[PDB]
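Below: one structure, written as structure tokens.
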Amino acid sequence: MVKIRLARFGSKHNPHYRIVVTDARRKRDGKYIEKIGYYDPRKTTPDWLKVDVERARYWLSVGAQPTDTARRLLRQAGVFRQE
Amino acid sequence: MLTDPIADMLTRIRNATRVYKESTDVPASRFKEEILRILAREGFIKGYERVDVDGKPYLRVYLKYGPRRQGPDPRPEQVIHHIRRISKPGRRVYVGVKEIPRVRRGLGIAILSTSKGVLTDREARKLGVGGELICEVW
Amino acid sequence: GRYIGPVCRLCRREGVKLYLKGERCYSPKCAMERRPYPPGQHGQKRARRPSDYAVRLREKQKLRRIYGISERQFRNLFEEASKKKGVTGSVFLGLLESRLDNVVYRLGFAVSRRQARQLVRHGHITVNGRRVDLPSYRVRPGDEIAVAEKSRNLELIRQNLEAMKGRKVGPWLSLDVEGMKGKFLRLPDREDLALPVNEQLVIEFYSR
Amino acid sequence: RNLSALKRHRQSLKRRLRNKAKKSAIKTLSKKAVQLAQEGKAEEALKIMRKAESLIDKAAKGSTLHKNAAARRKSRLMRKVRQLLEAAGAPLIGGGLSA
Amino acid sequence: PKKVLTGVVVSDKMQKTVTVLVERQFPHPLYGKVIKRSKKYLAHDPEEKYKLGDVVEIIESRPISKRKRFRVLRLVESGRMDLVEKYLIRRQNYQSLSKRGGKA
Amino acid sequence: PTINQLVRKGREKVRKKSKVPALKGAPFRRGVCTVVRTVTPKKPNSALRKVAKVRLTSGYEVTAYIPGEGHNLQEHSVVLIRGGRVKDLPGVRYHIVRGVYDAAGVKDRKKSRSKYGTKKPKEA
RNA sequence: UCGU
RNA sequence: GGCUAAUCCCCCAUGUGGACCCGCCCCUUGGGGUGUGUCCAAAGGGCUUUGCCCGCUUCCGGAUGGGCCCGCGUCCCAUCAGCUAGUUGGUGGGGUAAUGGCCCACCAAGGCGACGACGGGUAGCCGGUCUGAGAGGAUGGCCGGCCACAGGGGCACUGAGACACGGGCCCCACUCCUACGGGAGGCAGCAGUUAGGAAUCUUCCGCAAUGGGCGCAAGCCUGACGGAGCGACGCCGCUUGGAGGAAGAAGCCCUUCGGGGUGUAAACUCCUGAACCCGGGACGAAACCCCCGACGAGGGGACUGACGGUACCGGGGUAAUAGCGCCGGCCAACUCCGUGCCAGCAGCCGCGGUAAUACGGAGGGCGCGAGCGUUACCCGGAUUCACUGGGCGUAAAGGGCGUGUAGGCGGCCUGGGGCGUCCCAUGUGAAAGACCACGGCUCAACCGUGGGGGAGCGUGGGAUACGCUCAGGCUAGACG
Ligand SMILES: [K+]
Ligand SMILES: [K+]
Ligand SMILES: [K+]
Ligand SMILES: [K+]
Ligand SMILES: [K+]
Ligand SMILES: [K+]
Ligand SMILES: [K+]
Ligand SMILES: [K+]
Ligand SMILES: [K+]
Ligand SMILES: [K+]
Ligand SMILES: [K+]
Ligand SMILES: [K+]
Ligand SMILES: [K+]
Ligand SMILES: [K+]
Ligand SMILES: [K+]
Ligand SMILES: [K+]
Ligand SMILES: [K+]
Ligand SMILES: [Mg+2]
Ligand SMILES: [Mg+2]
Ligand SMILES: [Mg+2]
Ligand SMILES: [Mg+2]
Ligand SMILES: [Mg+2]
Ligand SMILES: [Mg+2]
Ligand SMILES: [Mg+2]
Ligand SMILES: [Mg+2]
Ligand SMILES: [Mg+2]
Ligand SMILES: [Mg+2]
Ligand SMILES: [Mg+2]
Ligand SMILES: [Mg+2]
Ligand SMILES: [Mg+2]
Ligand SMILES: [Mg+2]
Ligand SMILES: [Mg+2]
Ligand SMILES: [Mg+2]
Ligand SMILES: [Mg+2]
Ligand SMILES: [Mg+2]
Ligand SMILES: [Mg+2]
Ligand SMILES: [Mg+2]
Ligand SMILES: [Mg+2]
Ligand SMILES: [Mg+2]
Ligand SMILES: [Mg+2]
Ligand SMILES: [Mg+2]
Ligand SMILES: [Mg+2]
Ligand SMILES: [Mg+2]
Ligand SMILES: [Mg+2]
Ligand SMILES: [Mg+2]
Ligand SMILES: [Mg+2]
Ligand SMILES: [Mg+2]
Ligand SMILES: [Mg+2]
Ligand SMILES: [Mg+2]
Ligand SMILES: [Mg+2]
Ligand SMILES: [Mg+2]
Ligand SMILES: [Mg+2]
Ligand SMILES: [Mg+2]
Ligand SMILES: [Mg+2]
Ligand SMILES: [Mg+2]
Ligand SMILES: [Mg+2]
Ligand SMILES: [Mg+2]
Ligand SMILES: [Mg+2]
Ligand SMILES: [Mg+2]
Ligand SMILES: [Mg+2]
Ligand SMILES: [Mg+2]
Ligand SMILES: [Mg+2]
Ligand SMILES: [Mg+2]
Ligand SMILES: [Mg+2]
Ligand SMILES: [Mg+2]
Ligand SMILES: [Mg+2]
Ligand SMILES: [Mg+2]
Ligand SMILES: [Mg+2]
Ligand SMILES: [Mg+2]
Ligand SMILES: [Mg+2]
Ligand SMILES: [Mg+2]
Ligand SMILES: [Mg+2]
Ligand SMILES: [Mg+2]
Ligand SMILES: [Mg+2]
Ligand SMILES: [Mg+2]
Ligand SMILES: [Mg+2]
Ligand SMILES: [Mg+2]
Ligand SMILES: [Mg+2]
Ligand SMILES: [Mg+2]
Ligand SMILES: [Mg+2]
Ligand SMILES: [Mg+2]
Ligand SMILES: [Mg+2]
Ligand SMILES: [Zn+2]
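Taken in order, these protein sequences are the chains called P, H, D, T, Q and L. For the first sequence, the entry's author numbering begins at 1 and goes up steadily by one. For the second sequence, the entry's author numbering begins at 1 and goes up steadily by one. For the third sequence, the entry's author numbering begins at 2 and goes up steadily by one. For the fourth sequence, the entry's author numbering begins at 8 and goes up steadily by one. For the fifth sequence, the entry's author numbering begins at 2 and goes up steadily by one. For the sixth sequence, the entry's author numbering begins at 5 and goes up steadily by one.
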């Protein structure tokens, strides 16, 4: 099914992923459907994680299945925080 | 039959000026008259007037020149130094407003023909429109 | 491989005096006093009217031999300058003038640019409190260039910074001699520098 | 060597057979009703047409025909039968056709 | 939108099919001068409704056959072989350039 | 040409003819010697230039120049061609690379050494 | 005769 | 040949619904509603087992992915000019998820071409890349998108999906086993071997991270991937010292024999301190899981690092690689000796025949520097295929002349249309790259975030001077 996962974009030893919405079958760094965030595993800057939660919510509403690590990050930005 | 009257006129004018004629007649056409207007308005020529010749409508174009000069060849400077056809039957040239050329850093002009009418490169740009790039003059 | 070879011989070939030793290139010994003529078995022979290319080439060699940079890095900067907005000539001289090793020389932390280079490579210098051992590190306005505490007590750093007491500093810079600190106020203007160089000839050299 | 997923080949043959067999029936019954319809024998032509209809849908229950392959079949069948019964037919058993 | 083109019927010799010659004008990619180019289309005509000289509007349609993906959307103006003739002559022209040749 | 003419025929992009049919347009071609003659220069020169017939791996038979003071190329000498015509001997369009395979490098060569392929003398 |  | 379980297969039922035929209505190619007749459903398993979970069936929709169709665009040769019979169309049928000569039966005689058909040559196409002032030229490796292929050819089976690189069948070529009947194979996956070649790497580490498959989960698989290795192959950074001080050389090797040069240059005095089996030592990794909560939202919790003892920090600490090309002009750098149209140099012009800045060597000099040269190829300079931007009296170039076919071009006035042309709005123009800005690694290369531009095409609206077209008129061209 269509997923919400990470796509590698940094450099050697300098990873930077894109929180992406793509068909499960594509290369990971392949052609996605829509970028909805980005993540810096090493927090090299204060802005090491952003997520268009409105959009994340959209895709989930239509079947988007997040990777575990994908889900984990989305949550960290309150994609599920209904509180 | 003239093949391209606009060219014919630009040339009658080019020629007449090179020998410093006072004026020159050119077969009349609404269109040519339109061009003359800009020419006069821009001050490349004293002016022009409709006149019949042999019972046929022409446009007496009155040429204009600079002052007599020094040393040998006291011939005046031309007011119309240049003047060339751009668009031509069999190689029509059209341009968008962003493509209108800036003739001679502004010291010259370009006469386009737009659906807003025959305009100078500044007028056409002003009313934000393009069209057939008729000629160039400086 | 930053050159490394006899220096007070480049000045001789360059006609003008290039202070590439700081000290001594002042004393009655810089050679430019006795033998201002180019080096070699023909250095004294009659000169032959140089070619346009020659002029431009020598001028580029002068300006570049001053900062002791490679033709590679030198060219890189010049290209970066052509691309930047602003008169290439000046901008170029600005960038050159922003190399840390250079600024360390302008602040007097060292006699020559060559000496200032070693002082960076060996960590005796600090930008904003953090060590920077890159002679080409580009200093930006506001950055405070200093001397690592641990180096502050170095015999050389003493004689050097001492000799700077009550001594003047370029208008685009400023140094607190005591604390051994210095600030890069702003990019120097063409007017702020006074080098035996017509940078226009240089721009031309890289236009051929 | 020995990629145990040759079990797929193994299985495909069993499936091939299943499918293959279901179709034969379908084809055979259809021809049969189309044959009867034509010969004007209405009541039985429909009777069989009805079996064929059922068999076809079932074929599409699993992966034998599925899709709109079933629909085409029933369509073409109910087509030819109703028409061939234009020999004074009169849908006797009013089987599958809805006159 | 399904494409709509306008052309002349130059062929009627087919059952339920007419050949529509569509013209197109445009500045030359490198030389500028406006040049006329054209293509023949095989439009679908169920009622044999159109004949030569007929200027029609062709509409992009679901394939009716190989080499035939358009239907005659309507007539623009009737009879006028000035166009058919033109086409025909150019064709007759070919009846030359080879090993033999006419005289035209 | 008129514009109509240009639309009708257009300009013809001129093609480029190789001076080094060392085939495969490679930078170098390997070969073997046949003849190992000497040739008289042309136009206004005079000397005995060392040349060589070479059966190339590219299924080619060509004469290649043998640069340098002196050589050691025999008949079955394997060689590496590098392409470069000799302005004096019409018909010679390739040079042999001193220093490769059977072609020895010029000994006692002290200046343009990278060419002629001669290691650096152990000066001491 | 050839190259200057 | 015999026995047997199921979420295996089949029958009957239930019919939310859905499929098909016919009718009707609304829509308009096969879209949607409706009525009658007919036909079509299912699978169980797990427990914190009496309700939860995993799953099953039919239907409508969403999302993602894809098929097929169409306009326009896409190299060279016209020393390839005619091409075509499933060939063009029709009717009916077959086949498919579906349109279609896709295939078949029958009927018709059509279809295509100089706006280049047919044939030959060559070639995966693109985002882009290199070059260029631009227009343009050249190109398509790496990365992303699409296509094609999996020893060569043909074929279908199973499937939601294949006509399937590590599935199947037959033919061929080849290798292998063979008891000669007959079998077994397919690295254009990672690594490696061999051959060819001027030339292109480790039979490496890990599944820790991102991603993928199966599973309720634990977890299993993953040569995808993340890393290390080798190669100046490229780009960027960096070192071989810094500051002070002119022995000064059998010989190298200049001279007017007074001196000049290498040169502040110098294993020789002072400073710093690349290297260096010396201490500490990482981000990348917090999820799935567990518990509380309600298997939700929240909240706590074990666990897990290939890279790696690497980076980086702190300590100590040595003065510690320089080479290559060139020096007649173009083109920056000159003298001695040797050689004597020889040996040789040479990109082009040329140099060597006894004074050679051009050969070879030496001193000196110029350029660049862990590189420097060479060869090959691409763009440039080349307005030297000229659209921007060229020419043809004598330099290359007016056809021997005409006639006229296609085509290109078209006087003056008015009106309609609004194709060309121009304007507005809008959609599209993926990411990467490029440009600008800020930011992360000590800088940079490299990378991250954000920003701006944009032709072309689609849609809607508008303008009408010019070109086009239709209509009318004129007489200055033309003809009588
Ligand atoms: K013909
Ligand atoms: K019913
Ligand atoms: K669905
Ligand atoms: K869809
Ligand atoms: K589609
Ligand atoms: K048909
Ligand atoms: K570019
Ligand atoms: K391109
Ligand atoms: K291409
Ligand atoms: K799962
Ligand atoms: K250390
Ligand atoms: K030393
Ligand atoms: K001699
Ligand atoms: K010499
Ligand atoms: K070129
Ligand atoms: K002739
Ligand atoms: K002739
Ligand atoms: Mg023009
Ligand atoms: Mg600039
Ligand atoms: Mg299995
Ligand atoms: Mg049977
Ligand atoms: Mg007909
Ligand atoms: Mg000679
Ligand atoms: Mg060459
Ligand atoms: Mg040489
Ligand atoms: Mg001679
Ligand atoms: Mg049995
Ligand atoms: Mg079942
Ligand atoms: Mg119901
Ligand atoms: Mg039932
Ligand atoms: Mg149960
Ligand atoms: Mg059909
Ligand atoms: Mg059908
Ligand atoms: Mg199928
Ligand atoms: Mg066919
Ligand atoms: Mg190929
Ligand atoms: Mg150019
Ligand atoms: Mg550019
Ligand atoms: Mg690619
Ligand atoms: Mg193979
Ligand atoms: Mg095959
Ligand atoms: Mg199937
Ligand atoms: Mg397969
Ligand atoms: Mg395939
Ligand atoms: Mg394989
Ligand atoms: Mg391999
Ligand atoms: Mg080999
Ligand atoms: Mg993994
Ligand atoms: Mg995983
Ligand atoms: Mg480097
Ligand atoms: Mg000495
Ligand atoms: Mg020193
Ligand atoms: Mg010490
Ligand atoms: Mg952490
Ligand atoms: Mg609980
Ligand atoms: Mg939690
Ligand atoms: Mg795990
Ligand atoms: Mg220390
Ligand atoms: Mg010179
Ligand atoms: Mg000799
Ligand atoms: Mg001599
Ligand atoms: Mg020499
Ligand atoms: Mg050109
Ligand atoms: Mg031209
Ligand atoms: Mg010319
Ligand atoms: Mg002649
Ligand atoms: Mg001539
Ligand atoms: Mg003539
Ligand atoms: Mg005509
Ligand atoms: Mg007209
Ligand atoms: Mg016309
Ligand atoms: Mg009109
Ligand atoms: Mg329009
Ligand atoms: Mg747009
Ligand atoms: Mg983009
Ligand atoms: Mg930074
Ligand atoms: Mg940066
Ligand atoms: Mg960006
Ligand atoms: Mg529009
Ligand atoms: Mg109007
Ligand atoms: Mg009008
Ligand atoms: Mg009229
Ligand atoms: Zn000096």
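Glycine included, C-beta positions come from ideal geometry on N, C-alpha and C.
Do the CB positions of residue i and residue j come within less than 8 Å of each other?
i, j, result
"residue 60 of chain H", "residue 23 of chain H", "yes"
"residue 97 of chain D", "residue 110 of chain D", "no"
"residue 80 of chain D", "residue 203 of chain D", "no"
"residue 37 of chain Q", "residue 92 of chain H", "no"
"residue 38 of chain H", "residue 120 of chain H", "yes"
Under a Cβ-count criterion, where at least 16 other Cβ atoms within 10 Å of its own Cβ denotes burial, should residue i be classed as buried or exposed?
i, result
"residue 48 of chain H", "buried"
"residue 75 of chain D", "buried"
"residue 90 of chain Q", "exposed"
"residue 5 of chain D", "exposed"
"residue 27 of chain Q", "exposed"
"residue 102 of chain L", "buried"
"residue 45 of chain P", "exposed"
"residue 52 of chain T", "buried"
"residue 15 of chain D", "buried"
"residue 69 of chain D", "buried"
"residue 77 of chain Q", "exposed"
"residue 124 of chain L", "exposed"
"residue 43 of chain H", "exposed"
"residue 106 of chain D", "buried"
"residue 29 of chain T", "buried"
Which chain H residues sit within Cβ distance under 8 Å of residue i?
i, result
"residue 34 of chain Q", "90, 91 and 92"
Contact defined as beta carbons within less than 8 Å: I believe residue i pairs with residue j. What is the distance between those atoms, to the nearest angstrom?
i, j, result
"residue 138 of chain H", "residue 95 of chain H", "About 18 Å separates the two Cβ atoms, so there is no contact after all."
"residue 78 of chain T", "residue 55 of chain T", "Incorrect: roughly 19 Å between the Cβ atoms, too far for contact."
"residue 197 of chain D", "residue 171 of chain D", "At roughly 17 Å, the Cβ-Cβ gap does not stay under 8 Å, so residue 197 of chain D and residue 171 of chain D are not in contact."
"residue 74 of chain Q", "residue 58 of chain Q", "4 Å"
"residue 136 of chain H", "residue 110 of chain H", "5 Å"
At a CB-CB cut-off below 9 Å, which residues of chain Q make contact with residue i?
i, result
"residue 18 of chain L", "Neighbours of residue 18 of chain L on chain Q: none; closest Cβ ~17 Å, over 9 Å."
"residue 7 of chain L", "29, 32, 33 and 34"
Give the residues of chain Q in contact with residue i, contact being defined as C-beta atoms less than 8 Å apart.
i, result
"residue 11 of chain L", "29, 32, 34 and 36"
On the DSSP bridge list, what partners appear for residue i?
i, result
"residue 45 of chain H", "H:63"
"residue 82 of chain Q", "DSSP output for residue 82 of chain Q lists no bridge partner at all."
"residue 105 of chain D", "For residue 105 of chain D, which the question treats as bridged, DSSP gives no partner whatsoever."
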